[PDB]
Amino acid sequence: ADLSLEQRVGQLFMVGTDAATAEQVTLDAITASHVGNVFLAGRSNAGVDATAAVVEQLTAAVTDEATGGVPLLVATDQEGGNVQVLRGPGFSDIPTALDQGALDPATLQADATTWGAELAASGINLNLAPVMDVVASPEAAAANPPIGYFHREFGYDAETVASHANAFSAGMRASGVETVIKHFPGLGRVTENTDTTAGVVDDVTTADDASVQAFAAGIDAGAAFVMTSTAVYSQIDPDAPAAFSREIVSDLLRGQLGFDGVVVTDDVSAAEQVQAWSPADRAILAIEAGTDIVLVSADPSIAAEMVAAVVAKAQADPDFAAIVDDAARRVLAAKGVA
């Protein structure tokens, strides 16, 4: 499969649709903008069959003209507990990751195999989970708005987090669903939420942090996708949101930690932390940092103009074009495509 420039850029985006409807904006993003991946957003109670029917409409938009026949990555947020997009008939009520952390990894892996089978039956093949963020301690947990507050952490040290998230990943893969470990280099220690607040700075997480050790164990155990944080990490790179940091994404994650797979941004569409940048610059900066998939979930209406901006810069700028081409190659390889 030899994709056009437009189609290769299209592979570097993941555009949201509401979990209960194949939204026209998403369908257009695939057909007119060649977007190659989708994400089911919100909280749906419709159940497995209704979700499969949504996904079927989305995958029906893959054509040779749309994506060169390349199939969609179809993702959702199925962590469990406070973050379970897909619920209802045929779906388990998945416990919080914190509860999952109290299970023998063997038991968690078995339960995650079940959870994965439900995802796969509804047409999902990528889970944006497990969370491998490490929260400092159970007493500090409530003070951490994205992870701790919501019980999305598996535990409070690298070993516990590693053994449970890797168990979760293993069961997920055993049912045909790849995982995305998140959020590198670790979101368990910020005191504000990047969704709703800007200028979020983590002042304690270093490259030696337990969370970075957790991610390493995720990568060593075979992780194929990693999602990056948009927080600013004072002790690693204070000059940019992590997702836009060449140093964090390429030198630390790909270089030091040796990750060869696909790097996914946290949602950059509506998260307050990155609204200071135009949608076009969010995409461009992510990609230049070493990102392979720009997540545009909450507000899919801006996907079209981001795609166009990334195409136009590839046409004008040979260094960025070469970066784009490497990214598309990781994405096609994760999809098993030549």
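Quick note: we count residues from 1 along the sequence shown, nothing fancier.
Of the two stretches examined, 24-32 and 63-71, the record assigns the greater average C-alpha temperature factor to 63-71. Between 108-116 and 127-135, it is 108-116 that carries the larger average Cα temperature factor according to the deposited entry. Within the listed group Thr76, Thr179, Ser234, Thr96, the record reports its top CA B-factor for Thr96.
Highest CA B-factor among the listed residues (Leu86, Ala243, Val190, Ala174): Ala174. Compared with the other modelled residues of the chain, the Cα B-factor recorded for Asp203 ranks in the highest third.
Placement of the Cα temperature factor of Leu103 within the chain: highest third of the modelled residues, per the deposited record. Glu288 sits in the middle third of its chain by CA B factor, as recorded in the PDB entry. Sort the modelled residues of the chain by CA B factor and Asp195 lands in the lowest third. When the modelled residues of the chain are ordered by their C-alpha B factor, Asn45 lands in the middle third.
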